[PDB]
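As provided, query-v9.cif (mmCIF, N, CA, C and O atoms) reads as follows.
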```cif
data_data
loop_
_atom_site.label_atom_id
_atom_site.label_comp_id
_atom_site.auth_asym_id
_atom_site.auth_seq_id
_atom_site.Cartn_x
_atom_site.Cartn_y
_atom_site.Cartn_z
N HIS A 254 -1.91 169.32 -122.19
CA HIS A 254 -0.71 169.82 -121.52
C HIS A 254 -0.53 171.34 -121.59
O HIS A 254 -0.74 172.00 -120.57
N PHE A 255 -0.30 171.91 -122.78
CA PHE A 255 0.13 173.29 -123.04
C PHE A 255 0.22 173.45 -124.54
O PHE A 255 0.30 172.45 -125.27
N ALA A 256 0.22 174.68 -125.03
CA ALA A 256 0.67 174.93 -126.40
C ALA A 256 1.49 176.21 -126.43
O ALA A 256 2.25 176.45 -127.36
N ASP A 257 1.31 177.04 -125.41
CA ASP A 257 2.06 178.28 -125.26
C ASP A 257 2.06 178.65 -123.79
O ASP A 257 1.01 178.62 -123.14
N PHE A 258 3.23 178.99 -123.25
CA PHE A 258 3.32 179.42 -121.87
C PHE A 258 4.04 180.75 -121.79
O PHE A 258 5.28 180.80 -121.73
N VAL A 259 3.26 181.82 -121.78
CA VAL A 259 3.61 183.12 -121.24
C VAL A 259 2.73 183.21 -120.00
O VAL A 259 2.18 182.17 -119.60
N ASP A 260 2.64 184.38 -119.35
CA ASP A 260 2.18 184.61 -117.97
C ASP A 260 0.94 183.84 -117.50
O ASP A 260 0.09 183.48 -118.32
N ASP A 261 0.84 183.60 -116.18
CA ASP A 261 -0.02 182.59 -115.55
C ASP A 261 -1.50 182.62 -115.96
O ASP A 261 -2.15 181.57 -115.89
N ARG A 262 -2.02 183.76 -116.40
CA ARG A 262 -3.35 183.82 -117.00
C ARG A 262 -3.31 183.60 -118.50
O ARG A 262 -4.25 183.03 -119.06
N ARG A 263 -2.22 183.97 -119.15
CA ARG A 263 -2.13 184.07 -120.60
C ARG A 263 -1.62 182.80 -121.25
O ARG A 263 -0.90 182.88 -122.24
N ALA A 264 -1.92 181.63 -120.69
CA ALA A 264 -1.51 180.40 -121.34
C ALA A 264 -2.66 179.81 -122.13
O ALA A 264 -3.82 180.22 -121.99
N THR A 265 -2.34 178.85 -122.99
CA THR A 265 -3.35 178.12 -123.74
C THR A 265 -3.15 176.63 -123.54
O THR A 265 -2.13 176.18 -123.02
N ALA A 266 -4.15 175.86 -123.95
CA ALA A 266 -4.20 174.44 -123.69
C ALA A 266 -4.55 173.69 -124.97
O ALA A 266 -5.52 174.03 -125.65
N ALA A 267 -3.76 172.68 -125.28
CA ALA A 267 -4.07 171.74 -126.34
C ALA A 267 -4.13 170.35 -125.73
O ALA A 267 -3.40 170.04 -124.79
N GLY A 268 -5.02 169.51 -126.27
CA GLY A 268 -5.09 168.14 -125.82
C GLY A 268 -3.85 167.36 -126.19
O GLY A 268 -3.13 167.70 -127.13
N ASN A 269 -3.58 166.31 -125.42
CA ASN A 269 -2.41 165.50 -125.69
C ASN A 269 -2.62 164.66 -126.94
O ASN A 269 -3.74 164.52 -127.44
N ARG A 270 -1.53 164.12 -127.45
CA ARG A 270 -1.60 163.30 -128.65
C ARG A 270 -2.28 161.97 -128.34
O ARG A 270 -2.03 161.39 -127.28
N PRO A 271 -3.15 161.48 -129.21
CA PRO A 271 -3.81 160.20 -128.95
C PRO A 271 -2.84 159.04 -129.09
O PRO A 271 -2.11 158.93 -130.08
N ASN A 272 -2.80 158.19 -128.07
CA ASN A 272 -1.85 157.08 -128.01
C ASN A 272 -2.64 155.83 -127.64
O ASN A 272 -3.05 155.67 -126.49
N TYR A 273 -2.84 154.95 -128.61
CA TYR A 273 -3.49 153.67 -128.38
C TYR A 273 -2.43 152.63 -128.07
O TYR A 273 -1.46 152.48 -128.82
N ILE A 274 -2.61 151.90 -126.98
CA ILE A 274 -1.68 150.85 -126.58
C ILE A 274 -2.45 149.54 -126.46
O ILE A 274 -3.35 149.42 -125.62
N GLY A 275 -2.10 148.57 -127.29
CA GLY A 275 -2.71 147.26 -127.26
C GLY A 275 -1.72 146.22 -127.74
O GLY A 275 -0.56 146.54 -128.04
N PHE A 276 -2.17 144.98 -127.82
CA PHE A 276 -1.31 143.91 -128.29
C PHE A 276 -1.13 144.00 -129.80
O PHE A 276 -1.81 144.76 -130.50
N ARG A 277 -0.20 143.20 -130.32
CA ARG A 277 0.10 143.22 -131.74
C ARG A 277 -0.96 142.47 -132.53
O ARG A 277 -1.84 141.81 -131.97
N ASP A 278 -0.88 142.59 -133.85
CA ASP A 278 -1.64 141.74 -134.75
C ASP A 278 -1.19 140.30 -134.56
O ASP A 278 0.00 140.03 -134.43
N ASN A 279 -2.16 139.38 -134.50
CA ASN A 279 -1.95 137.93 -134.40
C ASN A 279 -1.11 137.52 -133.19
O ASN A 279 -0.53 136.43 -133.19
N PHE A 280 -1.06 138.38 -132.16
CA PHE A 280 -0.22 138.23 -130.97
C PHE A 280 1.25 137.99 -131.34
O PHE A 280 1.89 137.06 -130.85
N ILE A 281 1.75 138.82 -132.25
CA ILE A 281 3.18 138.83 -132.54
C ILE A 281 3.93 139.34 -131.32
O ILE A 281 3.50 140.29 -130.66
N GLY A 282 5.02 138.67 -130.97
CA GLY A 282 5.84 139.14 -129.88
C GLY A 282 5.34 138.76 -128.51
O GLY A 282 5.83 139.31 -127.52
N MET A 283 4.37 137.86 -128.42
CA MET A 283 4.03 137.29 -127.13
C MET A 283 4.95 136.13 -126.79
O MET A 283 5.23 135.87 -125.61
N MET A 284 5.48 135.48 -127.81
CA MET A 284 6.06 134.15 -127.71
C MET A 284 7.41 134.13 -128.40
O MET A 284 7.55 134.65 -129.51
N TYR A 285 8.41 133.53 -127.75
CA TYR A 285 9.76 133.53 -128.29
C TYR A 285 9.89 132.59 -129.48
O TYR A 285 10.30 131.44 -129.32
N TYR A 286 9.54 133.05 -130.67
CA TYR A 286 9.80 132.30 -131.89
C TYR A 286 11.15 132.70 -132.45
O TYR A 286 11.48 133.89 -132.49
N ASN A 287 11.93 131.69 -132.85
CA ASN A 287 13.23 131.84 -133.50
C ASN A 287 14.24 132.59 -132.64
O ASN A 287 15.16 133.22 -133.16
N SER A 288 14.08 132.52 -131.32
CA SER A 288 15.10 132.92 -130.37
C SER A 288 15.75 131.64 -129.90
O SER A 288 15.14 130.88 -129.15
N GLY A 289 16.98 131.39 -130.36
CA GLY A 289 17.65 130.15 -130.01
C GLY A 289 18.00 130.04 -128.55
O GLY A 289 18.02 128.94 -128.00
N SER A 290 18.26 131.18 -127.89
CA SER A 290 18.73 131.16 -126.50
C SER A 290 17.66 130.66 -125.54
O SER A 290 17.99 130.11 -124.48
N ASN A 291 16.39 130.82 -125.88
CA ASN A 291 15.29 130.31 -125.06
C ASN A 291 14.20 129.76 -125.98
O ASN A 291 13.24 130.44 -126.33
N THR A 292 14.34 128.49 -126.35
CA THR A 292 13.40 127.81 -127.23
C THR A 292 12.38 127.02 -126.42
O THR A 292 12.67 126.52 -125.34
N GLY A 293 11.18 126.90 -126.98
CA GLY A 293 10.20 125.98 -126.46
C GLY A 293 10.52 124.57 -126.88
O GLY A 293 11.42 124.31 -127.68
N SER A 294 9.77 123.62 -126.33
CA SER A 294 10.10 122.22 -126.55
C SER A 294 8.82 121.40 -126.60
O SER A 294 8.09 121.35 -125.62
N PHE A 295 8.58 120.74 -127.73
CA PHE A 295 7.61 119.66 -127.80
C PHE A 295 8.38 118.35 -127.84
O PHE A 295 9.25 118.16 -128.70
N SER A 296 8.07 117.46 -126.91
CA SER A 296 8.80 116.20 -126.78
C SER A 296 7.91 115.21 -126.06
O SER A 296 7.02 115.60 -125.30
N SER A 297 8.16 113.93 -126.29
CA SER A 297 7.46 112.92 -125.52
C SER A 297 8.07 112.83 -124.13
O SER A 297 9.10 113.44 -123.85
N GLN A 298 7.42 112.10 -123.23
CA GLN A 298 8.19 111.67 -122.08
C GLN A 298 9.12 110.55 -122.51
O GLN A 298 8.85 109.85 -123.49
N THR A 299 10.19 110.36 -121.73
CA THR A 299 11.54 110.02 -122.23
C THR A 299 11.99 111.12 -123.20
O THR A 299 12.04 110.95 -124.42
N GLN A 300 12.26 112.28 -122.60
CA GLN A 300 12.26 113.58 -123.26
C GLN A 300 13.62 113.99 -123.78
O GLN A 300 13.88 115.20 -123.92
N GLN A 301 14.45 113.06 -124.19
CA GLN A 301 15.74 113.49 -124.75
C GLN A 301 15.62 114.05 -126.19
O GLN A 301 16.65 114.26 -126.85
N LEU A 302 14.41 114.33 -126.69
CA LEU A 302 14.18 114.59 -128.10
C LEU A 302 13.36 115.86 -128.23
O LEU A 302 12.15 115.81 -128.42
N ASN A 303 14.03 117.01 -128.18
CA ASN A 303 13.38 118.25 -128.58
C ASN A 303 13.26 118.24 -130.10
O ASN A 303 14.27 118.20 -130.80
N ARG B 57 18.83 63.40 -90.34
CA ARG B 57 19.18 64.61 -91.07
C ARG B 57 20.68 64.84 -91.12
O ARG B 57 21.18 65.42 -92.09
N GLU B 58 21.43 64.38 -90.12
CA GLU B 58 22.88 64.57 -90.12
C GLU B 58 23.61 63.49 -90.90
O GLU B 58 24.85 63.47 -90.89
N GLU B 59 22.89 62.59 -91.56
CA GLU B 59 23.49 61.59 -92.42
C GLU B 59 23.90 62.17 -93.78
O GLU B 59 24.75 61.60 -94.46
N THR B 60 23.35 63.32 -94.14
CA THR B 60 23.53 63.91 -95.47
C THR B 60 24.23 65.26 -95.38
O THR B 60 23.83 66.24 -96.02
N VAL B 61 25.31 65.33 -94.60
CA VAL B 61 25.99 66.60 -94.34
C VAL B 61 27.04 66.96 -95.39
O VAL B 61 27.72 67.98 -95.21
N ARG B 62 27.17 66.17 -96.47
CA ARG B 62 28.01 66.43 -97.64
C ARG B 62 29.47 66.65 -97.23
O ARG B 62 29.93 67.80 -97.10
N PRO B 63 30.21 65.58 -96.95
CA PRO B 63 31.36 65.64 -96.04
C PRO B 63 32.62 66.35 -96.52
O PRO B 63 33.67 66.17 -95.88
N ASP B 64 32.60 67.11 -97.61
CA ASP B 64 33.74 67.97 -97.89
C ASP B 64 33.44 69.44 -97.64
O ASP B 64 34.30 70.29 -97.92
N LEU B 65 32.26 69.77 -97.12
CA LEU B 65 32.09 71.08 -96.51
C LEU B 65 32.61 71.07 -95.08
O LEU B 65 33.15 72.07 -94.60
N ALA B 66 32.45 69.94 -94.38
CA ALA B 66 32.96 69.81 -93.02
C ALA B 66 34.47 69.70 -92.98
O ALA B 66 35.07 70.00 -91.94
N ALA B 67 35.10 69.27 -94.07
CA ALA B 67 36.56 69.19 -94.10
C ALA B 67 37.18 70.58 -94.15
O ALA B 67 38.11 70.89 -93.40
N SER B 68 36.67 71.43 -95.03
CA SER B 68 37.08 72.83 -95.09
C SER B 68 36.09 73.71 -94.33
O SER B 68 35.44 74.59 -94.89
N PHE B 69 35.97 73.44 -93.03
CA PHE B 69 35.07 74.19 -92.18
C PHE B 69 35.65 75.58 -91.92
O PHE B 69 36.82 75.70 -91.52
N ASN B 70 34.84 76.61 -92.19
CA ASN B 70 35.18 78.04 -92.16
C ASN B 70 36.29 78.41 -93.15
O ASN B 70 36.90 79.46 -93.02
N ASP B 71 36.51 77.57 -94.16
CA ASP B 71 37.55 77.77 -95.15
C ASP B 71 37.00 77.42 -96.53
O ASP B 71 37.65 76.74 -97.33
N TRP B 72 35.78 77.86 -96.82
CA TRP B 72 35.12 77.46 -98.05
C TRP B 72 35.59 78.33 -99.21
O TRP B 72 35.68 79.55 -99.09
N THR B 73 35.89 77.69 -100.33
CA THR B 73 36.29 78.37 -101.55
C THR B 73 35.11 78.45 -102.51
O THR B 73 33.98 78.11 -102.16
N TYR B 74 35.37 78.90 -103.74
CA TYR B 74 34.31 79.38 -104.61
C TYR B 74 33.43 78.27 -105.16
O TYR B 74 32.24 78.49 -105.40
N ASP B 75 33.97 77.07 -105.37
CA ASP B 75 33.18 76.00 -105.96
C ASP B 75 32.31 75.26 -104.96
O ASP B 75 31.57 74.35 -105.36
N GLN B 76 32.37 75.62 -103.68
CA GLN B 76 31.57 75.00 -102.64
C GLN B 76 30.45 75.90 -102.15
O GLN B 76 29.80 75.58 -101.16
N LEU B 77 30.23 77.03 -102.82
CA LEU B 77 29.26 78.02 -102.38
C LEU B 77 28.19 78.20 -103.44
O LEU B 77 28.45 78.09 -104.64
N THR B 78 26.97 78.49 -102.99
CA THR B 78 25.87 78.76 -103.91
C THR B 78 26.04 80.15 -104.50
O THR B 78 26.05 81.14 -103.77
N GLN B 79 26.16 80.22 -105.76
CA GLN B 79 26.37 81.48 -106.44
C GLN B 79 25.05 82.07 -106.92
O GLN B 79 24.09 81.33 -107.16
N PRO B 80 24.96 83.39 -107.05
CA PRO B 80 23.80 83.99 -107.70
C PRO B 80 23.78 83.63 -109.18
O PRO B 80 24.84 83.57 -109.82
N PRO B 81 22.60 83.38 -109.74
CA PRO B 81 22.54 82.90 -111.12
C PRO B 81 22.83 84.00 -112.13
O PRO B 81 22.57 85.18 -111.90
N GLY B 82 23.38 83.58 -113.27
CA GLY B 82 23.74 84.49 -114.33
C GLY B 82 24.40 83.76 -115.48
O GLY B 82 25.03 82.72 -115.28
N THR B 83 24.28 84.30 -116.69
CA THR B 83 24.78 83.64 -117.88
C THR B 83 26.30 83.80 -117.99
O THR B 83 26.94 84.48 -117.18
N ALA B 84 26.88 83.18 -119.01
CA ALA B 84 28.31 83.26 -119.25
C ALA B 84 28.65 84.56 -119.96
O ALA B 84 27.80 85.44 -120.14
N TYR B 85 29.90 84.69 -120.39
CA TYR B 85 30.37 85.91 -121.03
C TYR B 85 30.14 85.84 -122.54
O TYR B 85 30.76 85.02 -123.23
N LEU B 86 29.27 86.70 -123.04
CA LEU B 86 29.20 87.01 -124.46
C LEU B 86 29.88 88.35 -124.67
O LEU B 86 29.66 89.27 -123.86
N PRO B 87 30.71 88.51 -125.70
CA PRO B 87 31.40 89.80 -125.89
C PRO B 87 30.43 90.87 -126.36
O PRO B 87 29.42 90.58 -127.01
N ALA B 88 30.72 92.11 -125.99
CA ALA B 88 29.85 93.22 -126.35
C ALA B 88 29.96 93.49 -127.85
O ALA B 88 31.06 93.46 -128.40
N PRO B 89 28.84 93.73 -128.53
CA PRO B 89 28.90 93.93 -129.98
C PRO B 89 29.50 95.27 -130.34
O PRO B 89 29.65 96.16 -129.50
N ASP B 90 29.88 95.40 -131.61
CA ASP B 90 30.50 96.61 -132.09
C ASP B 90 29.48 97.75 -132.11
O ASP B 90 28.41 97.60 -132.71
N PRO B 91 29.76 98.87 -131.45
CA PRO B 91 28.84 100.01 -131.54
C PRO B 91 28.81 100.68 -132.91
O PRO B 91 27.93 101.51 -133.16
N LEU B 92 29.75 100.35 -133.81
CA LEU B 92 29.61 100.77 -135.20
C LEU B 92 28.48 100.02 -135.89
O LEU B 92 27.87 100.53 -136.83
N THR B 93 28.19 98.80 -135.43
CA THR B 93 27.13 98.00 -136.03
C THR B 93 25.76 98.28 -135.42
O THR B 93 24.84 97.49 -135.65
N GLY B 94 25.62 99.35 -134.65
CA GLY B 94 24.34 99.77 -134.13
C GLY B 94 23.40 100.19 -135.25
O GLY B 94 23.84 100.55 -136.34
N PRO B 95 22.09 100.13 -135.00
CA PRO B 95 21.11 100.39 -136.08
C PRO B 95 21.07 101.84 -136.54
O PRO B 95 20.86 102.15 -137.72
N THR B 96 21.29 102.78 -135.61
CA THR B 96 21.42 104.19 -136.01
C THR B 96 22.70 104.73 -135.37
O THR B 96 22.65 105.41 -134.34
N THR B 97 23.83 104.42 -135.99
CA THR B 97 25.10 105.07 -135.70
C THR B 97 25.76 105.65 -136.94
O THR B 97 26.19 106.81 -136.93
N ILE B 98 25.86 104.86 -138.00
CA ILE B 98 26.50 105.32 -139.23
C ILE B 98 25.54 106.19 -140.02
O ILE B 98 25.95 107.21 -140.60
N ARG B 99 24.25 105.84 -140.03
CA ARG B 99 23.27 106.62 -140.78
C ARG B 99 23.02 107.99 -140.17
O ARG B 99 22.55 108.89 -140.88
N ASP B 100 23.35 108.20 -138.90
CA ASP B 100 23.32 109.55 -138.36
C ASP B 100 24.51 110.37 -138.84
O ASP B 100 24.42 111.60 -138.92
N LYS B 101 25.62 109.71 -139.19
CA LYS B 101 26.75 110.40 -139.78
C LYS B 101 26.58 110.64 -141.27
O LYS B 101 27.31 111.46 -141.84
N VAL B 102 25.64 109.95 -141.91
CA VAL B 102 25.42 110.07 -143.34
C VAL B 102 24.25 110.99 -143.65
O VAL B 102 24.36 111.88 -144.50
N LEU B 103 23.12 110.81 -142.96
CA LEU B 103 21.94 111.64 -143.22
C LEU B 103 22.14 113.08 -142.78
O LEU B 103 21.57 113.99 -143.38
N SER B 104 22.94 113.31 -141.74
CA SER B 104 23.23 114.68 -141.34
C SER B 104 24.21 115.36 -142.28
O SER B 104 24.03 116.54 -142.60
N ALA B 105 25.23 114.64 -142.76
CA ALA B 105 26.19 115.20 -143.69
C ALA B 105 25.61 115.46 -145.07
O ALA B 105 26.23 116.19 -145.85
N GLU B 106 24.44 114.90 -145.38
CA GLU B 106 23.69 115.30 -146.57
C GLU B 106 23.06 116.67 -146.43
O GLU B 106 22.65 117.26 -147.44
N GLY B 107 22.96 117.20 -145.21
CA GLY B 107 22.40 118.51 -144.98
C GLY B 107 21.32 118.58 -143.91
O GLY B 107 20.90 119.68 -143.56
N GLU B 108 20.88 117.45 -143.39
CA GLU B 108 19.77 117.41 -142.44
C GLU B 108 20.27 117.73 -141.05
O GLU B 108 21.44 117.53 -140.71
N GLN B 109 19.35 118.22 -140.22
CA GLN B 109 19.54 118.23 -138.77
C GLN B 109 18.50 117.30 -138.17
O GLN B 109 17.31 117.40 -138.48
N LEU B 110 18.96 116.37 -137.35
CA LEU B 110 18.14 115.28 -136.87
C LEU B 110 17.86 115.45 -135.39
O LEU B 110 18.68 115.98 -134.64
N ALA B 111 16.68 114.99 -134.97
CA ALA B 111 16.30 114.94 -133.57
C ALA B 111 15.18 113.93 -133.44
O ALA B 111 14.19 114.01 -134.17
N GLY B 112 15.35 112.99 -132.53
CA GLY B 112 14.38 111.92 -132.41
C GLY B 112 15.01 110.55 -132.46
O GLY B 112 16.02 110.36 -133.13
#
```
What is this structure when it is put down as structure tokens?
Amino acid sequence: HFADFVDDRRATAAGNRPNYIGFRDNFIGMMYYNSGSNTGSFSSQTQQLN
Amino acid sequence: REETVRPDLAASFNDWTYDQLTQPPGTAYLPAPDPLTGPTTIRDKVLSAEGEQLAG
């Protein structure tokens, strides 16, 4: 980006900060665990039994 | 064939009451059992009040 900006010839350049973006360890936060408002459901058919 | 016309249907012609008609089959009246005596009604009030949450 920049590291110092005085006149149009007299500037300097530093590389941007390294930013790694990937998924979490063990895929934490992919799946709504312990969110009561939207829970998953394992049930048989005749499914009145979450 | 007209010898066996069962002559009290012809007496009340177009005026048949309930005992002269073929009814759909069905048993008599047995009273409905107590829902307190159900197999899992009271024990759901007891096992949950011990601290459990039940489902199934």
- Message: Could you check the closest approach to chain B for each of A:280, A:255, A:273, A:295 and tell me which residue wins, using only C-alpha atoms?
- Response: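 Answer, going by the shortest atom-to-atom distance: A:295.
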Using all atoms listed in the file, tabulate the residues of chain A lying at most 7 Å from any atom of chain B, each with its closest atom pair and that distance in Å to one decimal, by chain and increasing residue number, as a tab-separated table.
```
residue	atom	partner	partner_atom	distance
A:301	O	B:112	N	6.0
A:302	CA	B:112	N	4.9
A:303	O	B:111	CA	4.7
```
- Message: Running the PyMOL selection byres (((chain A and resi 256 and name CA) around 8) and name CA) on this model by hand, what would come out? Give it as a list in words.
- Response: residues 254, 255, 257, 258, 264, 265, 266 and 267 of chain A
- For region 62-66 of chain B, work out the shell of residues within 7 Å, counting all atoms listed in the file and skipping chain neighbours fewer than 5 positions away, then give it as an MDAnalysis selection string. chainID B and resid 71:72 76
- Note on the structure: As a check of understanding: the span from atom N of residue 289 (chain A) to atom N of residue 108 (chain B) is 19.5 Å
Kindly compute an axis-aligned box around the listed atoms of region 294-301 of chain A, allowing 3 Å on each side, and express its centre and edge lengths in Å to one decimal as AutoDock Vina command-line options.
```
--center_x 11.8 --center_y 116.7 --center_z -125.2 --size_x 15.6 --size_y 19.8 --size_z 13.0
```
- Task: To one decimal in Å, tell me the separation between CA of residue 75 (chain B) and atom N of residue 58 (chain B).
- Result: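 According to the coordinates, CA of residue 75 (chain B) and atom N of residue 58 (chain B) are separated by 22.9 Å.
For chain B, backbone-based DSSP assignment of alpha helix (DSSP H) covers residues 98, 99, 100, 101, 102 and 103 of chain B.
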- Expressed in Å to a single decimal, how great is the separation between atom C of residue 57 (chain B) and atom C of residue 69 (chain B)? 18.4 Å
